[PDB]
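Here the structure comes first, spelled out in structure tokens, and everything after it is commentary.
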Amino acid sequence: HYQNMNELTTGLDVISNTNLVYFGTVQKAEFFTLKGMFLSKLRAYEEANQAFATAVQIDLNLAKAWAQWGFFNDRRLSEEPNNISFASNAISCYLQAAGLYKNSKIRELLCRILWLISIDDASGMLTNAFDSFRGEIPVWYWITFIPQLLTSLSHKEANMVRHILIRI
């Protein structure tokens with residue numbers, strides 16, 4: 001039901017009502033994201049955000065929970081003058097959906113973060129939150145964007161691109 005707009009007013013509650021006891025939380029977050037991302041499409045600012053904010057509490061994994069909150073912060077911050085530090089949340093979403101989402105296409109969100117570096121003026125909270133991650137990063141998957149990451153060396157604020165360059 002993710003397409004076909006008109007059923008989204010009754011596609012939310014038709015799935016948000018069962019929520020059984022599933023002998024383990026290997027799929028609870030994909031519940032609390034997917035109906036939550038039905039609230040991402042239509043303008044529902046608050047219950048999608050807390051639904052993602054509790055689905056991220058369930059496993060701290062299955063990075064589509066980390067991703068679609070990034071797509072929803074794209075849907076928010078594509079609509080306002082983007083001087084504010086509200087995309088630091090988005091770069092933390094794409095970055096902490098980049099590493100652990102393994103063995104599939106990361107080029108959408110990694111090609112997103114290569115643009116989100118250069119909205120940098122003038123808050124350094126973007127590169128501070130970029131520096132704030134610890135864990136795994138897709139060492140092999142940056143390679144395809146390495147021309148676009150070397151002709152972005154020439155611009156200012158490349159002192160965090162060097163962390164991507166150094167392990168390649």
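Labels for the structure tokens follow display order: chains A, B, ..., residues from 1 in each chain, ligands from 1.
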
Problem - Filtered DSSP result for chain A, state helix (DSSP H, G or I), as a PyMOL selection string - result: chain A and resi 5-9+29-41+47-59+64-77+85-95+107-116+125-132+143-150+161-167

What are the closest atom pairs, with distances in Å to one decimal, for all residues of stretch 48-91 of chain A lying within 12 Å of stretch 15-25 of chain A? Consider only C-alpha atoms, order rows by chain and residue number, and present the result as a Markdown table.
| residue | atom | partner | partner_atom | distance |
| --- | --- | --- | --- | --- |
| A:51 | CA | A:16 | CA | 11.2 |
| A:55 | CA | A:25 | CA | 10.3 |
| A:56 | CA | A:25 | CA | 11.8 |
| A:57 | CA | A:25 | CA | 10.7 |
| A:58 | CA | A:25 | CA | 6.9 |
| A:59 | CA | A:25 | CA | 7.2 |
| A:60 | CA | A:25 | CA | 11.0 |
| A:61 | CA | A:25 | CA | 11.1 |
| A:62 | CA | A:25 | CA | 11.4 |

Export C-alpha atoms of the chosen residues as a PDB file, in the first residue's frame?
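That gives us out-v1.pdb:
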ATOM      1  CA  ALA A  51       7.570   5.966  15.229  1.00  0.00           C
ATOM      2  CA  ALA A  55      11.663   1.645  15.862  1.00  0.00           C
ATOM      3  CA  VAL A  56      15.302   2.682  16.195  1.00  0.00           C
ATOM      4  CA  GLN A  57      15.095   1.612  19.863  1.00  0.00           C
ATOM      5  CA  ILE A  58      13.941  -1.906  18.992  1.00  0.00           C
ATOM      6  CA  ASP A  59      17.023  -3.417  17.329  1.00  0.00           C
ATOM      7  CA  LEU A  60      19.513  -0.554  16.595  1.00  0.00           C
ATOM      8  CA  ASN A  61      19.912  -2.397  13.272  1.00  0.00           C
ATOM      9  CA  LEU A  62      18.003  -3.061   9.994  1.00  0.00           C
TER      10      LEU A  62
END

Problem - Best match for closeness to residue A:142 among A:162, A:107, A:112, A:35, counting only C-alpha atoms - result: A:107

Completion exercise
Of A:65, A:87, A:14, A:114, the one sitting nearest residue A:158 when using only C-alpha atoms is A:114

Fill in the blank from the handout: Across A:164, A:90, A:8, A:63, the smallest distance to residue A:33, with only C-alpha atoms counted, is shown by A:63

Can you pull out the residues contacting residue A:9? Cut-off 10 Å, using only C-alpha atoms, and skip same-chain residues under 5 positions away; I want them as a compact mmCIF listing (two decimals) with N, CA, C and O atoms, in the first residue's frame.
# COMPACT_ATOMS: atom_id res chain seq x y z
N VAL A 14 -5.01 -0.32 9.08
CA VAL A 14 -5.30 -1.71 8.78
C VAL A 14 -4.13 -2.62 9.15
O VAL A 14 -4.33 -3.82 9.36
N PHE A 38 4.06 5.47 6.17
CA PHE A 38 2.80 5.94 5.62
C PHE A 38 2.48 7.33 6.16
O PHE A 38 1.84 8.13 5.47
N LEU A 39 2.96 7.64 7.36
CA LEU A 39 2.90 8.99 7.88
C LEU A 39 4.03 9.86 7.35
O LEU A 39 4.03 11.07 7.60
N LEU A 42 2.09 11.30 3.53
CA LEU A 42 1.18 12.36 3.90
C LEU A 42 1.80 13.22 4.99
O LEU A 42 2.69 12.80 5.72

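Each of A:148, A:96, A:54, A:88 was compared to residue A:66 using only C-alpha atoms, and A:96 turns out to be the nearest.
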
Problem - Shell around stretch 67-84 of chain A at 7 Å using only C-alpha atoms, local window under 3 positions removed, as a ChimeraX atom specification - result: /A:40,52,63-64,90,93-94,97

Practice task
Quick one: pull the distance between atom CA of residue A:130 and atom CA of residue A:157, Å, one decimal.
Solution key: 11.7 Å
